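Chemist: My structure is below; once you've seen it, I'll send some questions.
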Amino acid sequence: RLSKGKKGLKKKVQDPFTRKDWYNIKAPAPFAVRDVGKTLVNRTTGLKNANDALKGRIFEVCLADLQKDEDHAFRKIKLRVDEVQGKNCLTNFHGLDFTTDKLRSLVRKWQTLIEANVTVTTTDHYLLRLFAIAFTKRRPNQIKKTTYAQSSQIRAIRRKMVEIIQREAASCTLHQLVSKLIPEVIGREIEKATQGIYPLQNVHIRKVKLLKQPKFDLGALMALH
Amino acid sequence: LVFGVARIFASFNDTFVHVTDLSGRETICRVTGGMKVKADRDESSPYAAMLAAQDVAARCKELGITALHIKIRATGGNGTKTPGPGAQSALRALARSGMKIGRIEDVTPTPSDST
Amino acid sequence: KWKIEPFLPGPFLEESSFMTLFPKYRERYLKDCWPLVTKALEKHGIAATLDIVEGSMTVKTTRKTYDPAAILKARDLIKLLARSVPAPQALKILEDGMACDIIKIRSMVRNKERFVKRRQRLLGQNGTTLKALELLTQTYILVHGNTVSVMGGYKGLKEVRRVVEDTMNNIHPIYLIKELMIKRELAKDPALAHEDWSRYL
Amino acid sequence: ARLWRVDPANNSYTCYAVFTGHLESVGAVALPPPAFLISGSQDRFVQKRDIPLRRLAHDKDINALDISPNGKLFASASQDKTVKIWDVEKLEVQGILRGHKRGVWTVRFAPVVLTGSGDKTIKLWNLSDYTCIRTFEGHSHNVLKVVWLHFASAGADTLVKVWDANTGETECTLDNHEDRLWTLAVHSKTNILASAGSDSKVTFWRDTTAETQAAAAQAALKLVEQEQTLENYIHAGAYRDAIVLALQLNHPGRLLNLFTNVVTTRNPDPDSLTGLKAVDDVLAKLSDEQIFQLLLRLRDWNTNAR
RNA sequence: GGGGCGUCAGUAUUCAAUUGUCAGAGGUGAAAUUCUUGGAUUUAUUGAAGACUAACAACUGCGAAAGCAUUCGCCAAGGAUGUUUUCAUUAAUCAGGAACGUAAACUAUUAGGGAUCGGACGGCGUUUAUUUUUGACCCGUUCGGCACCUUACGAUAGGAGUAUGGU
Numbered sequence: 008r009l010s011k012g013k014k015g016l017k018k019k020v021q022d023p024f025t026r027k028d029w030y031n032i033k034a035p036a037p038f039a040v041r042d043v044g045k046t047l048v049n050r051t052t053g054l055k056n057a058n059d060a061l062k063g064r065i066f067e068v069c070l071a072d073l074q075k076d077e078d079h080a081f082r083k084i085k086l087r088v089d090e091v092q093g094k095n096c097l098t099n100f101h102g103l104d105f106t107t108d109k110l111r112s113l114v115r116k117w118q119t120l121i122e123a124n125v126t127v128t129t130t131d132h133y134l135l136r137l138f139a140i141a142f143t144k145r146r147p148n149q150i151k152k153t154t155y156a157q158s159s160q161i162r163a164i165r166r167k168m169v170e171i172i173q174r175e176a177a178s179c180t181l182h183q184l185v186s187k188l189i190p191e192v193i194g195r196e197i198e199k200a201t202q203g204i205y206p207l208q209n210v211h212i213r214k215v216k217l218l219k220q221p222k223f224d225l226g227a228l229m230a231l232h
Numbered sequence: 025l026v027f028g029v030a031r032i033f034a035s036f037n038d039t040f041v042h043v044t045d046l047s048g049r050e051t052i053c054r055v056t057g058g059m060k061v062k063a064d065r066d067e068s069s070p071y072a073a074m075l076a077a078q079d080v081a082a083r084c085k086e087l088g089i090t091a092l093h094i095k096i097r098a099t100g101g102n103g104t105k106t107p108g109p110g111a112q113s114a115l116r117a118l119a120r121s122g123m124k125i126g127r128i129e130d131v132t133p134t135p136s137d138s139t
Numbered sequence: 018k019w020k021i022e023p024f025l026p031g032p033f034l035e036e037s038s039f040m041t042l043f044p045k046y047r048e049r050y051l052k053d054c055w056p057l058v059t060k061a062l063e064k065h066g067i068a069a070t071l072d073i074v075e076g077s078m079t080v081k082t083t084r085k086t087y088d089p090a091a092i093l094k095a096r097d098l099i100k101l102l103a104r105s106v107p108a109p110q111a112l113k114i115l116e117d118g119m120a121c122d123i124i125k126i127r128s129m130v131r132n133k134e135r136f137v138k139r140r141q142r143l144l145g146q147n148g149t150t151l152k153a154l155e156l157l158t159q160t161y162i163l164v165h166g167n168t169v170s171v172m173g174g175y176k177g178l179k180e181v182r183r184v185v186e187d188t189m190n191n192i193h194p195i196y197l198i199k200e201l202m203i204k205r206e207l208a209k210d211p212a213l214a215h216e217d218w219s220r221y222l
Numbered sequence: 457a458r459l460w461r462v463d464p465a466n467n468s469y470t471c472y473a474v475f476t477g478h479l480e481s482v483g484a485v486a487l488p506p507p508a509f510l511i512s513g514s515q516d517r518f519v520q521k522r523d524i525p538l539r540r541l542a543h544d545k546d547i548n549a550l551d552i553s554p555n556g557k558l559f560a561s562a563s564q565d566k567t568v569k570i571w572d573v574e575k576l577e578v579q580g581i582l583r584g585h586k587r588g589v590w591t592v593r594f595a596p614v615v616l617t618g619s620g621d622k623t624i625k626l627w628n629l630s631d632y633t634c635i636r637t638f639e640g641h642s643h644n645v646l647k648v649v650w651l652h666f667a668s669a670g671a672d673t674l675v676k677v678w679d680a681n682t683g684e685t686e687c688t689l690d691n692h693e694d695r696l697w698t699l700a701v702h703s704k705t706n707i708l709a710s711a712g713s714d715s716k717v718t719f720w721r722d723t724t725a726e727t728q729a730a731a732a733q734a735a736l737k738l739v740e741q742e743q744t745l746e747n748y749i750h751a752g753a754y755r756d757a758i759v760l761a762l763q764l765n766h767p768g769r770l771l772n773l774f775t776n777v778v779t780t781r782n783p784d785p786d787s788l789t790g791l792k793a794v795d796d797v798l799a800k801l802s803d804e805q806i807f808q809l810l811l812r813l814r815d816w817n818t819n820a821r
């Protein structure tokens with residue numbers, strides 16, 4: 008009610024929403040829905056055209072509203088945007104992140120998690136990091152409370168994990184990699200092939216991070232959309 | 025239903041009701057907690073959060089988004105990792121005045137090793 | 018300015038749900054303390070299931086939930102029930118003015134025997150210093166292994182945060198309890214409502 | 457900073473004098506074609522420049550500047566609780582004010615210097631000793647403007676209050692505005708105050724003390740005249756006009772004596788109600804407020820059995 | 001999760017830059033110092049630096065002790081087990097000496113059992129396994145070791161008041 012400021016500090020307020028226009032967002036190819044939202048960006052003119060900012064921004068959106076399935080209430084993906092059309096905003100994959108609620112919801116006591124990081128490069132020369140997490144399977148019809156794998160057994164599990172993710176992510180392009188990440192084929196094959204060393208309760212890939220994209224090609228970027 | 029992303033920074037000293045678009049870049053409207061209460065003691069209070077959420081929901085319904093995805097956080101580096109009263113009271117007032125809520129997530133900065 | 022009213026009256034589009042994982046020794050106690058939990062969460066409008074096969078508590082917002090902070094209350098409730106707070110206290114977080122906090126104290130002492138001594142010093146002789154802290158701060162303190170889980174009002178959360186850090190940093194909790202008793206005596210009379218109280222502690 | 461002409465009998469307004477000055481914001485301007510200009514600053518660079538020089542004064546941002554009508558003195562006020570008077574012709578310094586507790590906001594010269619500060623106080627200092635002659639309290643926020651009369668001080672507690680210097684106690688207070696109050700202008704001929712602030716309203720006040728003093732004077736004149744004509748009617752025995760004048764003068768200890776006399780006159784008219792036909796006539800021709808006031812005295816006379 | 005050297009990450013904090021900002025922010029029981037229209041706190045994205053390695057994390061593991069928790073590589077060393085392995089007293093103990101280095105504050109067996117981890121062996125079986133390896137789970141035997149409980153087999157190791165007279 009009473010102000011607090013110093014002498015001559017409140018400038019005359021200008022309306023900031025005259026200079027703002029909306030832009031619908033379309034998702035790339037392998038996701039089920041395409042219209043995902045709307046972004047309020049500044050009005051374009053000379054001295055910083057707004058398409059530079061639209062090339063700069065990224066979005067973070069969950070997978071439930073993309074696949075229309077609430078099985079994926081976790082695994083928030085990130086979408087860069089590099090292209091613009093008329094009242095449109097075409098996007099591309101940038102990363103895939105869990106929610107910290109599920110990261111707390113997976114860790115139990117008296118069982119081992121095994122973490123593995125790889126820096127793998129796809130055939131389209133995108134470098135990316137894959138962070139996989141894998142919790143140890145408590146075998147039914149057992150009595151002992153702690154399902155501890157030995158340390159050498161953990162090292163063998165991590166070696167097989169990095170071998171699987173390298174051999175099944177080095178061969179495909181980025182669109183096929185996202186199409187394999189969506190129903191979690193990688194974690195299923197790690198679960199299938201590590202059970203001769205120590206059975207694992209659940210293998211997920213908890214993070215995907217795209218580090219460098221050396222190409223801007225509208226041909227493949229529009230072949231997505 | 026145009027989903028805007030509401031960052032609610034609920035600390036013990038002041039609450040920040042902040043509304044952005046889906047990007048995170050362009051702030052639509054923010055009302056801090058202390059600009060609605062004359063007392064710095066009661067700056068972080070459920071009444072302050074209720075007033076801030078009512079003003080933010082009024083501005084965003086004048087702009088016509090009428091749907092929010094709410095991300096709640098607190099001081100998380102060496103802080104408390106728990107939201108103050110501002111989070112509960114702001115979410116209550118925000119959905120009590122219109123504003124179909126979408127996805128709720130508590131995105132607190134959790135250090136892997138701080139000090 | 019500080020009191021909070023109960024919610025009088031579909032505010033959810035995406036059907037929210039949360040999960041937490043517990044071990045077997047908690048699976049027994051949760052299996053025979055669960056109907057109290059699902060009774061109060063049905064009074065709040067949130068469906069709460071328990072899975073003894075995988076070992077998972079789930080909450081999910083139903084069609085007829087109207088309080089939107091109820092999902093945060095329920096998420097904190099299943100976090101504390103996983104972290105072995107007793108069931109009436111975990112259900113006491115569902116009131117309006119309560120909040121929980123977890124204080125990680127294992128990072129504060131490099132040594133091990135010194136850490137065990139300082140944790141037992143925080144717990145006190147026959148629990149008397151711990152329940153004295155609970156009385157003076159209106160909190161529920163549970164010295165939980167490497168962590169300390171406290172509940173209560175936000176003021177009490179801040180004071181027990183300060184007391185737990187100062188107990189781990191070799192200041193005695195009896196000294197801190199004397200400090201809090203002096204602060205209570207000074208805040209009793211509002212004739213000394215705004216001075217610097219450092220001349221008394 | 458700049459100097460504009462005001463051409464009243466035209467629509468022509470020009471900004472024909474401009475001053476570059478220093479690198480920060482010109483905070484305040486003072487004026488003794507005009508003589509010259511003294512400009513203050515957001516930084517510590519105070520300057521003085523002629524119309525068709539710099540100096541260091543304080544540590545923080547300075548606030549206000551004021552000239553004497555003869556142009557021999559000049560004082561500057563700032564946030565580091567010092568007020569500085571210096572020689573205005575040369576680059577010399579005449580001294581320093583010792584300090585106003587938190588930070589001084591406005592100075593004023595009397596045609614005696616006035617300092618309004620960042621605390622809820624206001625002081626009157628001299629040239630001779632450079633000490634405060636007077637100190638005043640009573641505000642609830644900053645004061646931010648002190649104006650000479652023909666003194667007044669605004670506040671930041673939305674109240675503007677006037678008082679006098681030789682007495683030193685508060686004369687009057689004024690409570691029109693909304694949230695804040697910033698500045699005060701004055702009519703130079705008569706005493707008219709123009710108060711404005713962060714709120715958009717500007718209020719113009721005029722002095723009425725001379726008018727209400729004249730009204731109270733003529734009221735006491737009429738009072739002593741009609742009180743003596745009441746005593747005259749009592750001494751003469753004109754009970755009628757005595758009773759009318761007593762009901763007008765509203766004091767009843769004589770009205771009761773007139774009523775006891777008129778109901779015991781020892782020679783009553785036979786048709787009359789109270790003995791006198793003229794008192795019957797005025798009791799018939801009483802107004803509503805006089806009837807109600809007479810009833811409010813009648814209950815008090817009816818209490819006494821005498 | 002023994003040590004050294006390199007390497008790889010992870011957040012968080014600080015600092016800086018780019019935008020959207022647009023009136024406070026920060027502390028406290030209240031305040032104040034301070035930062036704040038050249039835009040603080042906040043929102044997003046990058047970059048650098050230094051630190052540390054959450055949750056897993058234990059009535060556990062390793063090291064003689066202080067101590068030791070990110071991945072991978074290299075370098076020696078060490079423990080226990082097994083062997084169809086060797087010299088046959090080399091050994092035990094410590095005078096002298098030698099290497100590693102803000103705190104305190106409630107305190108010949110015991111006789112087995114239940115857990116625990118490190119081997120080695122055995123196996124009715126569930127899951128790897130498209131079937132053999134092999135591993136996970138369950139069980140038994142055997143050495144070895146941190147700790148629990150029971151039993152001992154036993155043991156054994158001046159203060160407070162009140163006065164009186166001096167100084």
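Chains as they are written, first to last, in the authors' numbering: chain Ca, 8 to 232; chain Ci, 25 to 139; chain CP, 18 to 26, 31 to 222; chain UM, 457 to 488, 506 to 525, 538 to 596, 614 to 652, 666 to 821.
Yeah, the Cβ is synthetic: ideal placement off N, Cα and C, and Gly gets one too.
Of all the residues that make up the stretch 104-116 of chain Ca, which are near chain CP by a beta-carbon distance shorter than 9 Å?
Modeler: Those residues of the stretch 104-116 of chain Ca that come within reach of chain CP (Cβ to Cβ, closer than 9 Å) are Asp-108, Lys-109, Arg-111, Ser-112, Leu-113, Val-114, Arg-115, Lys-116.
Chemist: Closer than 8 Å, CB to CB, is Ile-92/CP near chain Ci or not?
Modeler: yes
Chemist: With DSSP as the reference, label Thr-51/Ca as helix, strand or coil.
Modeler: coil
Chemist: Strictly below 8 Å CB to CB, what residues from chain Ci border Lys-219/Ca?
Modeler: Correct list: empty, because the minimum Cβ distance to chain Ci is about 22 Å.
Chemist: Alpha carbon to alpha carbon, how far is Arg-769/UM from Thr-789/UM?
Modeler: 17 Å
Chemist: Taking Cβ-Cβ distances shorter than 8 Å, what residues in chain Ca pair up with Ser-713/UM?
Modeler: Ordered by position in chain Ca, the residues that pass the 8 Å Cβ test against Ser-713/UM are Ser-10, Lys-17.
Chemist: Pairing CB atoms from the stretch 172-188 of chain CP with CB atoms from the stretch 118-137 of chain CP, are three or more of them under 8 Å?
Modeler: yes
Chemist: Going along chain Ci in order, which residues have a C-beta closer than 7 Å to the C-beta of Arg-64/Ca?
Modeler: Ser-47, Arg-49
Chemist: Examine chain Ca for any beta-carbon lying closer than 8 Å to the beta-carbon of residue 183/Ci, and answer yes or no.
Modeler: Here chain Ci comprises residues numbered 25 to 139, so residue 183/Ci is not present and cannot be evaluated.
Chemist: DSSP on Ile-192/CP, reduced to helix/strand/coil?
Modeler: DSSP, read as helix, strand or coil, puts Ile-192/CP in coil.
Chemist: For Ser-128/CP, count neighbouring Cβ atoms within 10 angstroms of its own Cβ and tell me buried if that reaches 16, exposed if not.
Modeler: exposed
Chemist: Take the Cβ of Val-568/UM as the centre, count every other Cβ of all protein chains shown within 10 Å, and call the residue buried at 16 or more, exposed below.
Modeler: Flag for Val-568/UM reads buried.
Chemist: How should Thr-82/CP be labelled, buried or exposed, when 16 other C-beta atoms within 10 angstroms of its C-beta is the threshold for buried?
Modeler: buried
Chemist: Using a 10 Å radius around the Cβ and a threshold of 16 neighbouring Cβ atoms, would you call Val-40/Ca buried or exposed?
Modeler: exposed
Chemist: In whole angstroms, what separates the C-alpha of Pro-89/CP from that of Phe-27/Ci?
Modeler: 17 Å
Chemist: Does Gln-118/Ca pass the burial test, meaning 16 or more other C-beta atoms within 10 Å, or should it be called exposed?
Modeler: buried
Chemist: Do you know how far the Cα of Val-185/Ca is from the Cα of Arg-183/CP?
Modeler: 47 Å
Chemist: Compare the C-alpha of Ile-624/UM against each of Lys-800/UM, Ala-799/UM, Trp-678/UM, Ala-753/UM and name the closest.
Modeler: Ranking the options by Cα distance to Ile-624/UM, first place goes to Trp-678/UM.
Chemist: Could you tell me which chain Ci residues have their CB closer than 9 Å to the CB of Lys-179/CP, listed as they occur along the chain?
Modeler: Near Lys-179/CP (Cβ distances below 9 Å), the residues of chain Ci are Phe-36, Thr-104.
Chemist: Could you check the C-alpha separation between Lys-167/Ca and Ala-111/CP for me, to the nearest Å?
Modeler: 42 Å
Chemist: Tell me the start and end of each unbroken beta strand (DSSP E) in the stretch 85-159 of chain Ca that is at least 3 residues and wholly inside, in chain order.
Modeler: 95-104, 120-128, 134-143
Chemist: Could you please give me the residues that DSSP links to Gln-520/UM through a beta bridge?
Modeler: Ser-512/UM, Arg-539/UM
Chemist: Please state whether DSSP places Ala-711/UM in a helix, a strand or coil.
Modeler: Three-state result, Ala-711/UM: strand.
Chemist: Taking DSSP as the reference, what is the three-state secondary structure of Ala-30/Ci?
Modeler: strand
Chemist: Spell out a yes or no on whether the stretch 66-84 of chain Ci and the stretch 30-45 of chain Ci are touching, meaning 3 or more CB-CB pairs, one atom from each, closer than 8 Å.
Modeler: yes
Chemist: Going by DSSP in three states, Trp-590/UM sits in which element: helix, strand or coil?
Modeler: strand
Chemist: So what's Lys-209/CP in DSSP terms, helix, strand or just coil?
Modeler: It is helical.
Chemist: How many angstroms separate the CA atom of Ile-204/Ca from the CA atom of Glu-200/CP?
Modeler: One C-alpha to the other measures close to 57 Å.
Chemist: Grab me the residues of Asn-691/UM's own chain with a C-beta within less than 7 Å of its C-beta, minus the 5 sequence neighbours each way, in chain order.
Modeler: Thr-718
Chemist: With distances taken Cα to Cα, identify the nearest neighbour of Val-649/UM among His-641/UM, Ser-642/UM, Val-675/UM.
Modeler: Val-675/UM
Chemist: The beta strand (DSSP E) that contains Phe-719/UM, what's its start and end?
Modeler: 717-721
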